[PDB]
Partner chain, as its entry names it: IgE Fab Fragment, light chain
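Heads up, the chain below is alone and in the form deposited without its partner chain; it's given as structure tokens.
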């Protein structure tokens, strides 16, 4: 029933290196194993000059960590983007201060219940409790059934090994 997104997003300011500190999903099977379909790790965000968002991420598959690129296409709403990966069609930026944290979700609009996966991204490979509080404040209105967080050493390893 309609997720709240960021109101005045400046997408050019989200550029650069990120670390997936925490993630959550509505379905446990989407995030449980390492090879789970939506267990992805954001390593970089590259906003294009035309207002789109190139998402550079890592995923475990066939018993090895692999690089992946998702082109998120801009929509009329600045915080909402369109994709065609991971069985998802939407990226929603919930909140960001640009210099510390970014919260975003991915969903499939056709079946929006069992496709929701949200992440807390940080700029440095450190546990940011203040960002985690804002993450968990945003997850409150969302029907999450699995939540994952990672330690500083895991944030630096390929695919959070």
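Numbering follows the first chain given and starts at 1. In this text, rigid core is short for the largest set of C-alphas that superpose within 1.5 Å between two forms.
What comes next is about the form deposited with its partner chain bound, which does not appear here.
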Exercise. If you check in the deposited complex, is residue 130 within 4.5 Å of its partner chain, heavy atoms only?
Worked result: no
Exercise. Can residue 158 be called a contact residue for its partner chain in the deposited complex at 4.5 Å between heavy atoms?
Worked result: yes
Exercise. Would residue 48 count as a contact of its partner chain in the deposited complex, using a 4.5 angstroms cut-off between non-hydrogen atoms?
Worked result: no
Exercise. Is residue 92 close to its partner chain in the deposited complex, meaning a heavy atom pair under 4.5 Å apart or at it?
Worked result: no
For this session: Could you list which residues of 46 to 77 come within 4.5 Å of its partner chain in the deposited complex, counting heavy atoms only?
Result: 46, 56, 58, 64, 65, 66, 67, 69
Exercise. Under a superposition restricted to the rigid core, does residue 75 display a Cα displacement of 2 angstroms or more between this form and the one not shown?
Worked result: no
